[PDB]
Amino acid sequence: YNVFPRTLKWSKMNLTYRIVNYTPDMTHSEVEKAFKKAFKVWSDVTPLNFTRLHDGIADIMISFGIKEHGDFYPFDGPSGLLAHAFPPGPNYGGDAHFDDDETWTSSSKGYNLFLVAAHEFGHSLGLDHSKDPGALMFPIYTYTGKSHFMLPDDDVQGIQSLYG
């Protein structure tokens, strides 16, 4: 017989993702680069690896949508809800949805896709929101004045509690 694990996390270290569609705001290449950077955030702090697929069913299915887009978490136009992701599991588990009513960028203007993706992929891996206002996993997007992205201890401790 078998039983479910209590804590939601991936039991395999080699995970796949697929970009199902693309925002108009950035080139295919720029969108791909943002998501790869966002996954490297987590692979640098865990034994996890991420591989992009060009078709078929991946562990993490990434898509852009607006308002109602096929789940219980409709988007709300510009600002407010930027994105959401499902915790580890089969079916929709891991999937990440991005609101295409946002202005997506690779800069400090609008909403930085890499930064939002890095946060949402945290959710894809099993993290909940942080109560720490400086954490990656704090719920409210807060672009800081730092030159480079650095993962805070809060988020590192959270992800380590799941993946070691």
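What we label the rigid core is the largest C-alpha set whose atoms superpose within 1.5 Å from one form to the other. All residue numbers refer to positions in the sequence shown, first residue = 1.
On a core superposition, give the stretch, 120-128 or 65-73, with the larger average C-alpha separation from this form in 7 other deposited structures of this protein (RMS over structures and residues). Comparing 120-128 with 65-73, the larger C-alpha deviation in 7 other deposited structures of this protein belongs to 65-73.
Please establish whether a third or more of the other compared PDB entries omit coordinates for residue 16. It is not, since residue 16 is included in all of the other entries that model both flanking stretches.
Among the other PDB entries compared that flank it on both sides, is residue 145 unmodelled in a third or more? Other entries vs residue 145: at least a third skip it.
Quick check: 14-22 versus 148-156, which has the larger average CA B-factor in the record? Averaged over C-alpha atoms, the B-factors run higher in 148-156.
Taking only the CA atoms, which stretch has the higher mean B-factor in the record, 92-100 or 50-58? Per the deposited B-factors, the answer is 50-58.
Looking at 108, 43, 124, 63, which has the biggest Cα B factor in the entry? Of the candidates given, the C-alpha B-factor peaks at 108.
From the list 132, 120, 68, 32, select the residue with the highest C-alpha B factor recorded in the entry. The listed residue with the largest C-alpha B-factor is 132.
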